[PDB]
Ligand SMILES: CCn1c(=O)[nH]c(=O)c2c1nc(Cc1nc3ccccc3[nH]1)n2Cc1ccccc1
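Only one chain is given next, in structure tokens, and it is the form solved without the named molecule.
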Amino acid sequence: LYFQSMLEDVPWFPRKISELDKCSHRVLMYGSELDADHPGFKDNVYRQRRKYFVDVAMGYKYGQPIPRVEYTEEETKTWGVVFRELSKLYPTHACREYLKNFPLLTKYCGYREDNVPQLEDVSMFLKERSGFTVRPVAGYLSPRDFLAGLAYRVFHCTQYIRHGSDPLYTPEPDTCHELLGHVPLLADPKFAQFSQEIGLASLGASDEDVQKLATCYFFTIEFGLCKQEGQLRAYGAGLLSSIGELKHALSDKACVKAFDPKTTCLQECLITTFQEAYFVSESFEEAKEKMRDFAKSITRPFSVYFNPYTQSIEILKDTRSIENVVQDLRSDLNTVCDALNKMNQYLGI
């Protein structure tokens, strides 16, 4: 009864991976709902495709594999233009994590200019490498629902291609943005943990706090820089997608600051580019540390613990669940000691 009353005071969140379906289908604005200033607003042929990707995404259910999508010649050509113009900047703008996983994506997921990668290939790739998976989404989800996905290391992705009239421009996150922006970093473990941190911190949180985490998501996952060996590199997906803002964030005429969760979450997210400032993290371990610490400030009666074996959320409400966690850590520390002893036994140190 005590636990029942505890959850009634906080917003609903999926406690099982199967319950995440409720978040995936709560689309506030479907992809077929083109904006008035959209370059394909009068394109009936384009609207037909946008409606097609919506229906495909709406048909997705947990456990079922992501259906293969036959992209048209125009859509592949549009992908090809984006793929080339961004590849000319990556070895000088993208972080080390990006350049390490991108060739792997070319090998296993078919990242080419003459072929649009399928989500099912990407999902199996990410799961095997960082535990992340992707889901097709029919449109825009609330920040609460999208972040809830990250708590399970599930990234909701679009499948549609931007309008072919201008491949170097997109008002919305098309599949080119997802595959070339988010995916190559999702394959990195330290980044995956960092992305999952934001998600776990949103579970059961207030709308005000969720909006803050969404802002932190914006100026990191979407528009973030990382200092690697003095040189400045972009890791934000929004930067790795826009060829113009990518070179700008690493230019001299751009205001560059450091990622401070309490201050950054108050910064204004500008959809109409560019951004007023770009925040920098030293690493994805520090970034994870920044969100691991920031979650303490968010008000909720409990703390959450992700169970990767059952893909569920453990609510730490009593001393029993807490003691259970500590005991597991004592077992893991024992394994650490064993490895230490075996190292002394063989390496003589």
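A residue's number is simply how far along the shown sequence it sits, counting from 1.
The form deposited with the named molecule bound exists for this protein as well; it is not shown, and the discussion that follows is about that form.
Contact with the named molecule in the deposited bound form, defined as a heavy atom within 4.5 Å, is made by none of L186, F191 and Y305. The partner is not drawn, yet in the deposited bound form one stretch among 123-131, 92-100, 143-151, 78-86 has residues with heavy atoms inside 4.5 Å of the named molecule: 143-151. Only one of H163, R135, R233, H177 lies close to the named molecule in the deposited bound form, with a heavy atom inside 4.5 Å, and it is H177.
With the partner omitted from this view, the residue of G181, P173, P261, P117 that lies near the named molecule in the deposited bound form is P173 [heavy atom within 4.5 Å].
Contact annotation: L104 falls outside 4.5 Å of the named molecule in the deposited bound form, judged by heavy atom distances.
Contact annotation: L168 falls outside 4.5 Å of the named molecule in the deposited bound form, judged by heavy atom distances. Put simply, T158 is close to the named molecule in the deposited bound form: some heavy atom of it is within 4.5 Å. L250 falls outside the set of residues with a heavy atom inside 4.5 Å of the named molecule in the deposited bound form. Along 204-221, residues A214, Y217, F218 each place a heavy atom within 4.5 Å of the named molecule in the deposited bound form.
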